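Heads up, the chain below is alone and in the form deposited in one PDB entry; it's given as structure tokens.
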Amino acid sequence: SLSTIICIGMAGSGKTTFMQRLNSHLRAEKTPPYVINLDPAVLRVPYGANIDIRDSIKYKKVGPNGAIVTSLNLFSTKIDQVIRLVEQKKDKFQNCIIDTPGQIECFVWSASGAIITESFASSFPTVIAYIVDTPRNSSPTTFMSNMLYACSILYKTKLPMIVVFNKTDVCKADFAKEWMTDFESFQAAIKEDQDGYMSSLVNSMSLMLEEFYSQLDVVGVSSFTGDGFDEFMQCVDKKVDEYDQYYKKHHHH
């Protein structure tokens, strides 16, 4: 009866600080999580990882990105053993929390990445937490990278996703709600009986937009203050009981 949260986001989005704050927030509710760290390159792991990749695999590399890639590969093979371990502890802990490496491509597009994700998907309800670097979200490369990576995950993983606009302590108040409002009011503008929107193309886009948006939820949080983490867990819990109905179809073993 345990559920899994997998933290993904570009370098600097604050995913390790986010996971620390999630841990601490969950500890506060007297429900500590099982923690898994899949970044080989990190110095510390906030509280302690119950399963940590690096004391399982040390390099002994034979560049700096392939060196991260390969580590994942090695890990992804003992995956069934890992799942056995977490399954044995599935009624002791309420949540399992997974940190991923900053080099995001190495996990989202890779096949050993997709295996780890699916192996978890097929054994527990699991939600993707997609951490976004909000105070620079509007920078064009960051926006494009985030749209492209996020949609790729939704597509290839076919898992529920919470978009986490992180670091709201230095961003526009009510950021997450105003983001959804502009996105939804955008979908609507798209659907109008005016010239420029009637085409089969614009109709295909509108559909594609709705299919992506409907899988995900949006929250803003500050990992520093713990502001927003209640709401985050609400979303997680929301996506969890829904998991039986919608997502279990796409994950067996």
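Throughout, we count residues from 1 along the sequence that is shown. Whichever C-alpha set is largest while still superposing within 1.5 Å between the two forms counts as the rigid core.
We do not show the form deposited in another entry, though everything after this point is about it.
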| If you line up the core, which of 175, 93, 75, 124 has a CA that moves 2 Å or more between the shown form and the other one? | 175
| For residue 224, is the CA shift between the shown form and the other one at least 2 Å following rigid-core superposition? | no
| request: For residue 28, state whether the C-alpha moves by 2 Å or more between the shown form and the other one after rigid core superposition. | output: no
| task | Align on the rigid core first; then say whether the Cα of residue 215 has moved by at least 2 Å between the shown form and the other one. | result | yes
| remark: Distance flag for residue 234 and residue 184 (Cα, change 3 Å or more) in the other entry: the two residues are farther
| field | Pair residue 145/residue 107, Cα separation in the other entry versus the displayed form, closer or farther by 3 angstroms or more | value | farther
